[PDB]
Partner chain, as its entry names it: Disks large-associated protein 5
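For reference, the chain that follows is the form solved without the partner chain, supplied as structure tokens.
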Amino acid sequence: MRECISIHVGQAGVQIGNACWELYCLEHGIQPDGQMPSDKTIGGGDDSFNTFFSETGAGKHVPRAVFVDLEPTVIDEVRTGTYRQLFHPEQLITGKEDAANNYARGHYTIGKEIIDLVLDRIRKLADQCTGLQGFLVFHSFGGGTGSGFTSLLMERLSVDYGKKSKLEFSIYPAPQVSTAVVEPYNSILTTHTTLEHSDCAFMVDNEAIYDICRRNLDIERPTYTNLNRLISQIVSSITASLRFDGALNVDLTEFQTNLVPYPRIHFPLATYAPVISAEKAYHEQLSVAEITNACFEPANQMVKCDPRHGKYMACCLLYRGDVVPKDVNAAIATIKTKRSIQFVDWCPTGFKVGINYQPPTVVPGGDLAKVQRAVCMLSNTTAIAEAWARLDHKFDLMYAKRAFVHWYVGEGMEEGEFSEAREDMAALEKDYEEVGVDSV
């Protein structure tokens, strides 16, 4: 049995989790209470698969989640909401003392009182698993919880488990939009601690999804719900191979070995192209080639970066529904000819591929269409060197004057730990121009 433990840190992680579990529970048939009528309708089966759920002898299907956070205004919405009879009451909220948007508070002072319990619950979730493949941490670079507590947990699990994938979906900071004056610091301080343990750190930006919704759904007032639903769809497409049967099935160890060439360039971008209203559902064929070309469209990315300011280094393309293979191979041929989509001299293949036979779900009250051929892509480029450089410069304009550091020293951080976390990111940005230098 395959199994994955989805961990959800901070407000962003929990809200993405809410969307994710709404989605999974619609996909399988498990209801919010936790019951599964489909075991009693036809006679039985595996209707809600044990990779992302559990079973209890009475029939309450129970998820493998942890749902950590350090302020209770969010998990208490879960306890009091529709998805209250589903989760196990051990949801490891503190009740106390939010991380104040500094790494220090979530890493050393207010994050040491709960991590000894997270490990207990994860042990209890893993000892009840016959075959554990990895983790899925959903956090947000920018705050103290999702920067520090994730870094701490990913250092403790690297010791405990070690031989298991530790993948991490993250809300990457945008160049222009920001909700804090301290996101560059937190991000630089986070990568330092997660460029050594994590094995694939998937990234998204909210600016990209704003623009996606604008151009492709006719939403001029998008909120976080509709964003987190698209993230939920990415999390379904990355998981569809474990919960369904298909032709090419990509386990969670089959990304780590196909997208991370070097152990530090493991920050891939994501994208999910058929974003369409019910209006433009019609007036579109929605075939494989249209999508695969739409997935390499710069204005259909989920990260504010130009793919043409770099070169691709890996691609994993995962389809859902009525997809035949040569409709893909034709499309990868269409993409291996275009001069704009430029690959490295050292990765000629660069086109991992997966197919699956369950189409996507659609939630009521949603902003997405019923589509018989959904697609996701996970790319590894040299474009995010410029984003990392922008964060480096944001940092360098502030650490020059040592601004906001007296609020980090306060909670257990020395001033030499900012210069030690800035050197590593410069080394990385140099390891992004070491790779685009063509070989002789």
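Numbering follows the first chain given and starts at 1. Shifts are known only where both forms have a C-alpha. Superpose the two forms; the largest set of C-alphas matching within 1.5 Å is the rigid core.
When the other compared entries with both flanking residues are checked, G29 is modelled in all of them, not unmodelled in a third.
At least a third of the other compared entries skip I42 while keeping the residues on either side.
Keep in mind the form deposited with the partner chain bound is missing from the figure; the text below concerns it.
In the deposited complex, no heavy atom of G366 sits within 4.5 Å of the partner chain.
Contact check for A126: every heavy atom lies farther than 4.5 Å from the partner chain in the deposited complex.
Not displayed here, the partner chain is kept clear of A278 by more than 4.5 Å at the level of heavy atoms in the deposited complex. Remark: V362 does not count among the residues lining the partner chain in the deposited complex, judged by a heavy atom distance of 4.5 Å or less. Residues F296, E297, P298, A299, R308 are the ones in 279 to 316 with at least one heavy atom within 4.5 Å of the partner chain in the deposited complex, listed in sequence order. Just one residue from the list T109, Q133, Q91, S237 crosses the 2 Å line for C-alpha shift between the shown form and the other one on a rigid core fit, and it is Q91.
The pair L92 and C20 is at least 3 angstroms closer at the CA level in the deposited complex than in the present model. Look at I110 and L92: in the deposited complex their Cα atoms move 3 Å or more farther apart than in this form. 91 to 95 is the sole run of three or more consecutive shared residues whose C-alphas all shift by 2 Å or more between the shown form and the other one after the rigid core is superposed.
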